[PDB]
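Everything below belongs to coords-v5.cif, which stores mmCIF, N, CA and C atoms.
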data_my_file
loop_
_atom_site.group_PDB
_atom_site.id
_atom_site.type_symbol
_atom_site.label_atom_id
_atom_site.label_comp_id
_atom_site.auth_asym_id
_atom_site.auth_seq_id
_atom_site.Cartn_x
_atom_site.Cartn_y
_atom_site.Cartn_z
ATOM 1 N N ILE A 158 -31.573 60.351 -40.936
ATOM 2 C CA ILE A 158 -32.927 60.028 -40.477
ATOM 3 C C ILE A 158 -33.912 61.109 -40.910
ATOM 4 N N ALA A 159 -33.505 62.380 -40.787
ATOM 5 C CA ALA A 159 -34.323 63.503 -41.233
ATOM 6 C C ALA A 159 -34.495 63.538 -42.748
ATOM 7 N N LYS A 160 -33.453 63.176 -43.507
ATOM 8 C CA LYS A 160 -33.526 63.102 -44.963
ATOM 9 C C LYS A 160 -34.446 61.980 -45.430
ATOM 10 N N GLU A 161 -34.384 60.820 -44.765
ATOM 11 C CA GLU A 161 -35.215 59.693 -45.175
ATOM 12 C C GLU A 161 -36.678 59.915 -44.796
ATOM 13 N N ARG A 162 -36.939 60.565 -43.652
ATOM 14 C CA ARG A 162 -38.335 60.865 -43.327
ATOM 15 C C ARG A 162 -38.866 62.040 -44.142
ATOM 16 N N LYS A 163 -37.978 62.936 -44.585
ATOM 17 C CA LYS A 163 -38.382 64.034 -45.455
ATOM 18 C C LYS A 163 -38.727 63.527 -46.848
ATOM 19 N N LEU A 164 -38.016 62.497 -47.313
ATOM 20 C CA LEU A 164 -38.364 61.911 -48.602
ATOM 21 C C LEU A 164 -39.526 60.924 -48.485
ATOM 22 N N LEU A 165 -39.746 60.344 -47.294
ATOM 23 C CA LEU A 165 -40.953 59.550 -47.056
ATOM 24 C C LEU A 165 -42.201 60.422 -47.098
ATOM 25 N N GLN A 166 -42.121 61.621 -46.511
ATOM 26 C CA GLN A 166 -43.254 62.542 -46.544
ATOM 27 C C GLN A 166 -43.464 63.145 -47.933
ATOM 28 N N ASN A 167 -42.457 63.058 -48.810
ATOM 29 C CA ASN A 167 -42.636 63.412 -50.212
ATOM 30 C C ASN A 167 -43.236 62.270 -51.026
ATOM 31 N N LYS A 168 -42.833 61.025 -50.758
ATOM 32 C CA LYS A 168 -43.235 59.920 -51.626
ATOM 33 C C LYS A 168 -44.537 59.258 -51.183
ATOM 34 N N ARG A 169 -44.990 59.527 -49.949
ATOM 35 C CA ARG A 169 -46.275 59.001 -49.487
ATOM 36 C C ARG A 169 -47.445 59.646 -50.218
ATOM 37 N N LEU A 170 -47.360 60.954 -50.468
ATOM 38 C CA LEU A 170 -48.398 61.637 -51.229
ATOM 39 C C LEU A 170 -48.341 61.252 -52.703
ATOM 40 N N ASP A 171 -47.146 60.909 -53.202
ATOM 41 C CA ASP A 171 -46.999 60.377 -54.554
ATOM 42 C C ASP A 171 -47.653 59.011 -54.706
ATOM 43 N N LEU A 172 -47.498 58.140 -53.699
ATOM 44 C CA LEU A 172 -48.170 56.842 -53.707
ATOM 45 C C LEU A 172 -49.683 56.995 -53.599
ATOM 46 N N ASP A 173 -50.142 57.928 -52.755
ATOM 47 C CA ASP A 173 -51.578 58.152 -52.586
ATOM 48 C C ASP A 173 -52.214 58.750 -53.838
ATOM 49 N N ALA A 174 -51.525 59.686 -54.499
ATOM 50 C CA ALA A 174 -52.021 60.251 -55.747
ATOM 51 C C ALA A 174 -51.902 59.274 -56.909
ATOM 52 N N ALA A 175 -50.975 58.317 -56.835
ATOM 53 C CA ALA A 175 -50.925 57.265 -57.844
ATOM 54 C C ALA A 175 -52.082 56.290 -57.666
ATOM 55 N N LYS A 176 -52.306 55.833 -56.432
ATOM 56 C CA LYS A 176 -53.314 54.811 -56.182
ATOM 57 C C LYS A 176 -54.734 55.365 -56.167
ATOM 58 N N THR A 177 -54.907 56.688 -56.081
ATOM 59 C CA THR A 177 -56.253 57.244 -56.188
ATOM 60 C C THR A 177 -56.680 57.400 -57.644
ATOM 61 N N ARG A 178 -55.740 57.707 -58.538
ATOM 62 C CA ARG A 178 -56.058 57.996 -59.941
ATOM 63 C C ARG A 178 -56.180 56.714 -60.764
ATOM 64 N N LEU A 179 -57.197 55.921 -60.440
ATOM 65 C CA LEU A 179 -57.473 54.704 -61.190
ATOM 66 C C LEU A 179 -58.190 55.027 -62.497
ATOM 67 N N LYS A 180 -58.372 54.002 -63.340
ATOM 68 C CA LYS A 180 -58.744 54.095 -64.765
ATOM 69 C C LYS A 180 -57.858 55.074 -65.538
ATOM 70 N N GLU A 201 -42.557 55.115 -55.413
ATOM 71 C CA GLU A 201 -41.382 54.715 -54.647
ATOM 72 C C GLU A 201 -41.588 54.859 -53.144
ATOM 73 N N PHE A 202 -42.801 54.541 -52.688
ATOM 74 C CA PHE A 202 -43.120 54.607 -51.263
ATOM 75 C C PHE A 202 -42.402 53.517 -50.482
ATOM 76 N N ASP A 203 -42.152 52.377 -51.126
ATOM 77 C CA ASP A 203 -41.796 51.159 -50.406
ATOM 78 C C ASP A 203 -40.345 51.188 -49.939
ATOM 79 N N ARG A 204 -39.423 51.548 -50.842
ATOM 80 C CA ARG A 204 -38.004 51.629 -50.494
ATOM 81 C C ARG A 204 -37.728 52.783 -49.539
ATOM 82 N N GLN A 205 -38.415 53.907 -49.746
ATOM 83 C CA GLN A 205 -38.211 55.084 -48.912
ATOM 84 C C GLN A 205 -38.782 54.877 -47.516
ATOM 85 N N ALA A 206 -39.958 54.245 -47.437
ATOM 86 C CA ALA A 206 -40.541 53.821 -46.172
ATOM 87 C C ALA A 206 -39.700 52.762 -45.481
ATOM 88 N N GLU A 207 -39.006 51.917 -46.250
ATOM 89 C CA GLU A 207 -38.164 50.889 -45.653
ATOM 90 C C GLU A 207 -36.922 51.489 -45.003
ATOM 91 N N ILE A 208 -36.256 52.428 -45.689
ATOM 92 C CA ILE A 208 -35.053 53.044 -45.117
ATOM 93 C C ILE A 208 -35.423 53.985 -43.966
ATOM 94 N N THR A 209 -36.575 54.668 -44.079
ATOM 95 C CA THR A 209 -37.070 55.514 -42.992
ATOM 96 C C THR A 209 -37.462 54.707 -41.760
ATOM 97 N N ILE B 158 -57.378 54.152 -79.114
ATOM 98 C CA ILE B 158 -56.007 53.696 -79.359
ATOM 99 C C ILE B 158 -55.016 54.834 -79.141
ATOM 100 N N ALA B 159 -55.361 56.035 -79.622
ATOM 101 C CA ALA B 159 -54.536 57.220 -79.416
ATOM 102 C C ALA B 159 -54.480 57.647 -77.953
ATOM 103 N N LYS B 160 -55.592 57.516 -77.218
ATOM 104 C CA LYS B 160 -55.634 57.825 -75.791
ATOM 105 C C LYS B 160 -54.796 56.848 -74.972
ATOM 106 N N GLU B 161 -54.853 55.557 -75.316
ATOM 107 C CA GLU B 161 -54.102 54.561 -74.560
ATOM 108 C C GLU B 161 -52.607 54.650 -74.858
ATOM 109 N N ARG B 162 -52.232 54.972 -76.104
ATOM 110 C CA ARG B 162 -50.805 55.151 -76.376
ATOM 111 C C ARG B 162 -50.292 56.488 -75.854
ATOM 112 N N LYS B 163 -51.174 57.485 -75.734
ATOM 113 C CA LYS B 163 -50.797 58.765 -75.148
ATOM 114 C C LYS B 163 -50.580 58.635 -73.647
ATOM 115 N N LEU B 164 -51.364 57.775 -72.993
ATOM 116 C CA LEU B 164 -51.141 57.542 -71.571
ATOM 117 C C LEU B 164 -50.013 56.538 -71.329
ATOM 118 N N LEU B 165 -49.725 55.661 -72.306
ATOM 119 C CA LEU B 165 -48.536 54.812 -72.226
ATOM 120 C C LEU B 165 -47.261 55.641 -72.308
ATOM 121 N N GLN B 166 -47.248 56.644 -73.190
ATOM 122 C CA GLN B 166 -46.087 57.520 -73.301
ATOM 123 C C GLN B 166 -45.961 58.464 -72.105
ATOM 124 N N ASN B 167 -47.034 58.628 -71.322
ATOM 125 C CA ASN B 167 -46.949 59.334 -70.052
ATOM 126 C C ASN B 167 -46.459 58.434 -68.921
ATOM 127 N N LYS B 168 -46.891 57.170 -68.890
ATOM 128 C CA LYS B 168 -46.602 56.324 -67.735
ATOM 129 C C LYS B 168 -45.294 55.546 -67.878
ATOM 130 N N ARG B 169 -44.740 55.473 -69.095
ATOM 131 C CA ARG B 169 -43.445 54.823 -69.295
ATOM 132 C C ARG B 169 -42.310 55.614 -68.660
ATOM 133 N N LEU B 170 -42.361 56.943 -68.767
ATOM 134 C CA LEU B 170 -41.358 57.783 -68.124
ATOM 135 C C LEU B 170 -41.544 57.798 -66.612
ATOM 136 N N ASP B 171 -42.787 57.622 -66.143
ATOM 137 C CA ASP B 171 -43.058 57.464 -64.717
ATOM 138 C C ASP B 171 -42.473 56.172 -64.161
ATOM 139 N N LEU B 172 -42.584 55.074 -64.916
ATOM 140 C CA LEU B 172 -41.967 53.809 -64.515
ATOM 141 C C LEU B 172 -40.446 53.902 -64.530
ATOM 142 N N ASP B 173 -39.885 54.571 -65.546
ATOM 143 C CA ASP B 173 -38.433 54.719 -65.645
ATOM 144 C C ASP B 173 -37.873 55.612 -64.542
ATOM 145 N N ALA B 174 -38.572 56.699 -64.207
ATOM 146 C CA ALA B 174 -38.152 57.563 -63.112
ATOM 147 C C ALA B 174 -38.399 56.926 -61.750
ATOM 148 N N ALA B 175 -39.356 56.000 -61.650
ATOM 149 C CA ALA B 175 -39.525 55.252 -60.412
ATOM 150 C C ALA B 175 -38.396 54.243 -60.232
ATOM 151 N N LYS B 176 -38.096 53.475 -61.281
ATOM 152 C CA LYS B 176 -37.113 52.405 -61.169
ATOM 153 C C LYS B 176 -35.675 52.909 -61.209
ATOM 154 N N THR B 177 -35.445 54.160 -61.621
ATOM 155 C CA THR B 177 -34.090 54.701 -61.549
ATOM 156 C C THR B 177 -33.770 55.223 -60.153
ATOM 157 N N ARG B 178 -34.763 55.772 -59.451
ATOM 158 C CA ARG B 178 -34.544 56.412 -58.151
ATOM 159 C C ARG B 178 -34.536 55.388 -57.014
ATOM 160 N N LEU B 179 -33.530 54.520 -57.035
ATOM 161 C CA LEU B 179 -33.361 53.538 -55.973
ATOM 162 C C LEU B 179 -32.734 54.180 -54.740
ATOM 163 N N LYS B 180 -32.660 53.408 -53.649
ATOM 164 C CA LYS B 180 -32.395 53.863 -52.269
ATOM 165 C C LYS B 180 -33.297 55.027 -51.854
ATOM 166 N N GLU B 201 -47.760 52.691 -62.900
ATOM 167 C CA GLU B 201 -48.886 52.128 -63.633
ATOM 168 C C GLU B 201 -48.561 51.869 -65.099
ATOM 169 N N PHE B 202 -47.328 51.421 -65.352
ATOM 170 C CA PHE B 202 -46.898 51.104 -66.712
ATOM 171 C C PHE B 202 -47.596 49.862 -67.243
ATOM 172 N N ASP B 203 -47.940 48.935 -66.348
ATOM 173 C CA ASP B 203 -48.289 47.578 -66.754
ATOM 174 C C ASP B 203 -49.697 47.510 -67.335
ATOM 175 N N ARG B 204 -50.671 48.112 -66.638
ATOM 176 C CA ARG B 204 -52.055 48.123 -67.112
ATOM 177 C C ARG B 204 -52.210 48.991 -68.355
ATOM 178 N N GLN B 205 -51.497 50.119 -68.389
ATOM 179 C CA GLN B 205 -51.590 51.038 -69.514
ATOM 180 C C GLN B 205 -50.920 50.463 -70.754
ATOM 181 N N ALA B 206 -49.768 49.811 -70.568
ATOM 182 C CA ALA B 206 -49.107 49.059 -71.624
ATOM 183 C C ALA B 206 -49.932 47.873 -72.085
ATOM 184 N N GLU B 207 -50.718 47.272 -71.186
ATOM 185 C CA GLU B 207 -51.553 46.138 -71.564
ATOM 186 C C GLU B 207 -52.715 46.570 -72.449
ATOM 187 N N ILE B 208 -53.393 47.667 -72.090
ATOM 188 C CA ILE B 208 -54.523 48.134 -72.903
ATOM 189 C C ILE B 208 -54.028 48.732 -74.223
ATOM 190 N N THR B 209 -52.862 49.402 -74.193
ATOM 191 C CA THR B 209 -52.253 49.924 -75.416
ATOM 192 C C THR B 209 -51.799 48.816 -76.360
#
Hey, can you dump this file as structure tokens for me?
Amino acid sequence: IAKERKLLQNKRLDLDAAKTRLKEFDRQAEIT
Amino acid sequence: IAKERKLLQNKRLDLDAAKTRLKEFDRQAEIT
């Protein structure tokens, strides 16, 4: 549980930095 | 053309590293 939430807190900022820079959050959030 | 293929060669490895790590390739590939 700690590993999956630790990787969720890693991949949430990756999703946010991906979706902000216009011109794996989902699976990690699912297991968490 | 060089900018779009340079960003395609950046985002293809991002798609591959996203899809390999189980448990924006498309738009960049489209413009390229």
All residues 7 Å or closer to residue 165 (chain B), all atoms listed in the file, same chain fewer than 6 positions away omitted, as a list in words: residues 202, 205, 206 and 209 of chain B
Evaluating the PyMOL selection byres ((chain B and name CA) within 9 of (chain A and name CA)) on the displayed file yields which residues, as a PyMOL selection string? chain B and resi 175-176+178-180+201
With all atoms of region 163-168 of chain A from the file as input, state the centre and edge lengths in Å to one decimal of the axis-aligned box that has 8 Å extra on each side, as JSON.
{"center_x": -41.3, "center_y": 61.6, "center_z": -48.1, "size_x": 22.6, "size_y": 20.8, "size_z": 23.0}
From the DSSP assignment of the backbone, select every residue of chain B that is alpha helix (DSSP H), and format the answer as a PyMOL selection string. chain B and resi 159-177+202-208
Computed interatomic separation between CA of residue 171 (chain B) and CA of residue 168 (chain A) (Å): 13.3 Å
Mind pulling up the distance from CA of residue 177 (chain A) to CA of residue 164 (chain B)? 16.2 Å
May I ask for the distance between CA of residue 158 (chain A) and CA of residue 170 (chain B), given in Å to one decimal place?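 Separating CA of residue 158 (chain A) from CA of residue 170 (chain B) is a distance of 29.0 Å.
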